[PDB]
Amino acid sequence: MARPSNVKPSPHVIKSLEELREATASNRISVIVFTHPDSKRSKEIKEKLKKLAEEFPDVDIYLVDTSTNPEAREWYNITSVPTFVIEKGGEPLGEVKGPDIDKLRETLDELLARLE
């Protein structure tokens, strides 16, 4: 993953293991979020992250379903479905566990100025 492909703001959701591990290898700014269709009352805060795309659409934000990457969960033992994973240059840079859509603007920021 060297040349450009997906960066601009637009709908793009994976659907396979390779697609996941691949997106993590990319040397761009991608925010992987774990979430599955199993909560009607919940998933309300989702809009929060959706709106963030406006403040800075330069970043790509997609959703991931364990249905395709189940082992991934146990891979790091996740307790908070709504997790936030950030990669860079094809490697783990950081990770957060908890509802902090507001503070999330500080995790990707420090990682943004670095690249751009």
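Residues numbered from 1 in each chain as written, not as in the entry; some residues may be left out. Heavy atoms only, no water.

Per the PDB record, this model was obtained through solution NMR.

Moving on to the layout of surface pockets. A water-sized probe, rolled over the atoms, reveals where empty space remains. Space inside the largest pocket adds up to approximately 920 Å³. Together, 30 residues line the largest pocket, and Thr24, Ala72, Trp75, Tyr76 and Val85 are the ones closest to its centre. Going through the elements one at a time, α1 (17-25), β1 (30-34), β2 (60-64), α3 (70-76), β3 (83-87) and β4 (92-97) are the ones with two or more residues in the lining of the largest pocket. Of the residues that constitute the lining of the largest pocket, the class distribution is 15 nonpolar, eight polar and seven charged. Around the second largest pocket, the lining is made up of 29 residues, and of these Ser10, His12, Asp60, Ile61 and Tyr62 lie nearest the centre. Looking at the lining of the second largest pocket, its residues break down into 15 nonpolar, six polar and eight charged. (1 Å grid on protein atoms, 1.4 Å probe; cavity = no way out; pocket = protein on both sides within 12 Å on 5 of 7 lines; lining within 4 Å. Points joined across faces, edges and corners; volume = space filled by probe spheres on them. Helix = DSSP H or I, 4+ residues; strand = E, 2+ residues; numbered from the N terminus. Nonpolar A, V, L, I, M, F, W, Y, C, P; charged D, E, K, R; others polar.)

Across the five residues of β1, five count as buried, placing the element largely inside the fold. Going residue by residue along β1, you find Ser30, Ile32 and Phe34 tucked away on one face and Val31 and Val33 tucked away on the opposite face as well. Looking at chain direction, β1 and β2 are connected through five bridges and run parallel. Bridge pairing in β2 links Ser30 to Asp60. After leaving β1, the chain enters helix α2 (residues 46-55) and then returns to the sheet as β2, a path that is right-handed. Taken together, the three bridges between β1 and β3 define a ladder with antiparallel strand orientation. Bridge pairing in β3 links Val31 to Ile86. (Buried < 20%, exposed > 50% of the residue type's maximum accessible area, 1.4 Å probe, protein only. Pairing = 2+ DSSP bridges. Right-handed = clockwise from strand over helix to strand, strands pointing away.)

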